[PDB]
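Undergrad: In the numbering used here, the protein residues as written are 17 to 104.
Take a look at the following structure, please.
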(Lines of atoms letter the chains of each structure in order from A; the text may use other names.)
(Lines give C-alpha, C1' and ligand atoms only; values in the text may rest on other atoms or scores of the structure.)
Protein backbone atom coordinates (compact mmCIF):
# COMPACT_ATOMS: atom_id res chain seq x y z
CA UNK A 17 0.00 0.00 0.00
CA UNK A 18 0.88 3.69 -0.01
CA UNK A 19 3.45 4.59 2.65
CA UNK A 20 3.03 7.50 5.03
CA UNK A 21 4.33 8.87 8.33
CA UNK A 22 2.10 9.59 11.32
CA UNK A 23 2.54 11.20 14.73
CA UNK A 24 1.68 14.89 14.55
CA UNK A 25 -1.74 14.17 16.04
CA UNK A 26 -4.98 12.19 15.73
CA UNK A 27 -5.86 14.44 12.79
CA UNK A 28 -9.39 13.24 13.54
CA UNK A 29 -12.33 14.64 11.61
CA UNK A 30 -14.97 15.36 14.25
CA UNK A 31 -12.50 17.24 16.44
CA UNK A 32 -8.81 17.74 17.24
CA UNK A 33 -7.72 15.55 20.15
CA UNK A 34 -4.08 16.22 21.02
CA UNK A 35 -1.93 13.21 21.90
CA UNK A 36 -1.83 12.99 25.70
CA UNK A 37 -0.39 10.31 28.01
CA UNK A 38 -2.82 7.98 29.78
CA UNK A 39 -1.42 9.10 33.13
CA UNK A 40 -2.52 12.72 32.75
CA UNK A 41 -5.41 11.46 30.61
CA UNK A 42 -6.78 9.77 33.72
CA UNK A 43 -10.13 10.62 35.31
CA UNK A 44 -9.43 10.03 39.00
CA UNK A 45 -12.38 11.55 40.87
CA UNK A 46 -10.14 12.85 43.65
CA UNK A 47 -6.81 11.52 42.43
CA UNK A 48 -5.64 14.99 41.43
CA UNK A 49 -6.01 14.35 37.70
CA UNK A 50 -3.80 16.36 35.35
CA UNK A 51 -6.21 16.52 32.41
CA UNK A 52 -5.37 19.41 30.04
CA UNK A 53 -7.79 21.99 28.64
CA UNK A 54 -7.75 20.42 25.18
CA UNK A 55 -9.00 16.96 26.15
CA UNK A 56 -12.50 15.52 25.73
CA UNK A 57 -13.92 13.95 28.89
CA UNK A 58 -15.95 11.91 26.41
CA UNK A 59 -13.13 11.11 24.00
CA UNK A 60 -10.21 11.10 26.44
CA UNK A 61 -9.22 7.68 25.11
CA UNK A 62 -8.97 9.15 21.62
CA UNK A 63 -6.18 11.34 23.01
CA UNK A 64 -4.11 8.20 23.56
CA UNK A 65 -1.55 7.28 20.90
CA UNK A 66 -2.28 4.03 19.06
CA UNK A 67 0.75 2.82 21.01
CA UNK A 68 -0.61 3.66 24.46
CA UNK A 69 -4.35 3.56 23.74
CA UNK A 70 -3.67 -0.15 23.26
CA UNK A 71 -1.41 -0.62 26.28
CA UNK A 72 -4.34 0.69 28.33
CA UNK A 73 -7.45 -0.81 26.74
CA UNK A 74 -5.57 -3.66 25.10
CA UNK A 75 -6.56 -2.94 21.50
CA UNK A 76 -6.43 -0.41 18.66
CA UNK A 77 -8.90 2.47 18.40
CA UNK A 78 -10.04 0.82 15.17
CA UNK A 79 -11.09 -2.28 17.11
CA UNK A 80 -12.34 -0.30 20.11
CA UNK A 81 -14.84 1.59 17.95
CA UNK A 82 -16.03 -1.82 16.76
CA UNK A 83 -16.96 -2.77 20.32
CA UNK A 84 -20.36 -2.52 22.00
CA UNK A 85 -21.47 0.81 23.47
CA UNK A 86 -21.46 -0.78 26.92
CA UNK A 87 -17.95 -2.09 26.26
CA UNK A 88 -16.65 1.21 24.87
CA UNK A 89 -18.23 2.98 27.84
CA UNK A 90 -17.33 0.22 30.30
CA UNK A 91 -13.62 -0.03 29.50
CA UNK A 92 -12.99 3.71 29.73
CA UNK A 93 -14.62 3.64 33.17
CA UNK A 94 -12.07 1.02 34.23
CA UNK A 95 -9.22 2.92 32.56
CA UNK A 96 -10.22 6.17 34.26
CA UNK A 97 -10.82 7.64 30.81
CA UNK A 98 -14.59 8.00 31.12
CA UNK A 99 -16.59 10.92 32.51
CA UNK A 100 -20.20 10.40 31.47
CA UNK A 101 -22.90 12.99 30.69
CA UNK A 102 -24.37 15.05 33.52
CA UNK A 103 -26.59 12.61 35.42
CA UNK A 104 -28.34 15.12 37.65
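Heads up, the beta-carbon is just placed ideally off N, CA and C, and yes, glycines get one too.
If I'm right that residue 83 touches residue 43 with Cβ under 8 angstroms, what's the distance once you round it to whole angstroms?
TA: Walking along the chain shown from the start, residue 83 turns up at place 67. Walking along the chain shown from the start, residue 43 turns up at place 27. Going by Cβ atoms, the distance from residue 83 to residue 43 rounds to 19 angstroms, so no, they are not a contact pair.
Undergrad: Express the C-alpha separation of residue 55 and residue 34 in angstroms, rounding to a whole number.
TA: Start at 1 with the first residue of the chain shown, and residue 34 comes out as number 18. Start at 1 with the first residue of the chain shown, and residue 55 comes out as number 39. If I take the Cα positions, the gap works out to 7 angstroms.
Undergrad: Using the C-alpha atoms, what's the distance from residue 72 back to residue 94?
TA: Counting from 1 along the chain shown, the entry for residue 94 is found at position 78. Counting from 1 along the chain shown, the entry for residue 72 is found at position 56. So the alpha carbons of these two residues sit roughly 10 angstroms apart.
Undergrad: Enumerate, from N- to C-terminal direction, the unbroken alpha helix (DSSP H) stretches of 4 or more residues contained entirely within the segment 33-82.
TA: Segments of the alpha helix (DSSP H) lying fully in the segment 33-82: 68-73 and 77-80.
Undergrad: Can you round the beta-carbon distance between residue 69 and residue 61 to whole angstroms, since I take them to be within the 8 angstroms contact cut?
TA: Taking the first residue of the chain shown as position 1, residue 69 is located at position 53. Taking the first residue of the chain shown as position 1, residue 61 is located at position 45. Indeed they touch by this definition, with Cβ atoms about 6 angstroms apart.
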